[PDB]
C-alpha cells in the first residue's frame, strides 16, 4: 500500500499523532520526506489531528488506570508542547486522586493494602502508573 493508504488505515483504528504516524511509516521503509508528506496530506484532508489525538490519550489512559504524570510524559513524547499538553489535560473532568483510590480498591479491596508488603506494592504500582505524591500517600494510607 501507499504511505497515505497505510496511514489512513492506522487512523481508522484510532487517533495517531503526527510524530507517531511518521515513525510508524518510516518503520515500514518509507523515506522521511515521503512519510511526512503523507501525514500532512491526511491532516489537510481532515483525517489527522494532534488536538483530537491528545484528548483521546487523556481519556483512554484515565479510564485504564494511568495517572497525570504518566499522561503528561506520554503526550510530551509525541512532540506536543506545554500549551498543547495543558489543553489536553484540561479535557479531563474526573478526579485523578479518585482514580488512584479506585485502582487500589480493584486490586486490594475496600480496606486497601494491609501489611507492609502490600503497601509497598501499592506505592510502586501507583508510581509506575504515574500518579502524584499526594494521591499515592492517600491511597497507601501514608
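Numbering follows the first chain given and starts at 1.
Colleague: Pick between 58-66 and 76-84: the one whose mean CA B-factor in the entry is higher.
Modeller: On average, C-alpha B-factors are higher across 76-84.
Colleague: Which is higher on average in the deposited entry, the C-alpha temperature factors of 88-96 or of 101-109?
Modeller: Stretch with the greater average CA B-factor: 88-96.
Colleague: Using the entry's values, work out which of 23, 128, 16, 120 has the largest Cα B factor.
Modeller: Comparing C-alpha B-factors across 23, 128, 16, 120, the top value belongs to 23.
Colleague: Considering every modelled residue of the chain and its Cα B-factor in the PDB entry, is residue 139 in the lowest, middle or highest third?
Modeller: CA B-factor rank for residue 139: highest third.
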